[PDB]
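Visitor: the sequence isn't on hand, but the structure is:
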């Protein structure tokens, strides 16, 4: 009785690509949020976290491909690649500082960098969330 398989919409497929990569974006957002939390007492916990961010970023940036060709709206599809493009720089910067503090926990500036970075990438991941949900569903 009218289902998205018998009669599907263009953006009706984007719903999966949207939801899938936002999950990863939220996962990244909590990972970076752990990075700032851990770095108080735990600079070694930042080892798996840096790998974690690195790993899931690859997935997020990857789903940017099938999502862009699924998004019926130009801007939605465009912003997808743009935000993960930005994230590629920010996440790499973060994991570098995470690995640096991981070596020297006594250095406050290394940690400061990470703190300044995490809050920003948590926004940049939110921009994937926002770009995708521009259709509002």
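Guide: Received, thanks. Numbers count the residues shown, from 1 in each chain.

Visitor: check contacts around the residue nearest to the spatial centre of the chain.
Guide: In the chain, the residue lying closest to the centroid (CA atoms, centre = their mean) is residue 25, at 3.4 Å. Residues in contact with residue 25, defined by CB atoms under 8 Å, 6 or more residues apart in numbering, are 60, 125-126, 128-129. C-beta coordinates here come from the backbone N, C-alpha and C atoms, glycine included.

Visitor: let's see 10 Å
Guide: By CB atoms under 10 Å, 6 or more residues apart in numbering, the contact list for residue 25 reads 56-57, 59-60, 63, 83-84, 87, 121-122, 124-129, 132.

Visitor: of those residues, which count as buried by neighbour count?
Guide: 56-57, 59-60, 63, 83-84, 87, 121-122, 124-125, 127-129, 132 (16 or more other CB atoms under 10 Å).

Visitor: let's see which of those end up in helices.
Guide: 56-57, 59-60, 63, 83-84, 87, 121-122, 124-125, 127-129, 132 (DSSP state H).

Visitor: which two in these are spaced the farthest apart?
Guide: Using CB to CB, these span at most 18.5 Å, a distance reached by 63 and 122.

Visitor: which residues are in contact with residue 86?
Guide: 120-121, 124, 127-128.

Visitor: rewinding a little: which one of the buried ones among the contacts of residue 25 sits closest to residue 1?
Guide: With CB to CB as the yardstick, the closest approach to residue 1 among the buried ones among the contacts of residue 25 comes from residue 132, at 28.1 Å.

Visitor: residue 97: neighbour count?
Guide: Residue 97: 24 surrounding residues under other CB atoms under 10 Å.

Visitor: secondary structure element holding it?
Guide: In the assignment (DSSP states H and E), residue 97 maps to helix 74-103.

Visitor: could you tell me the angle between the strand or helix carrying residue 27 and helix 74-103?
Guide: Taking DSSP H and E as the criterion, residue 27 maps to helix 14-38. Counting by axes from the mean of the first three to the mean of the last three CA atoms, to 10 degrees, helix 14-38 points 20 degrees away from the direction of helix 74-103.
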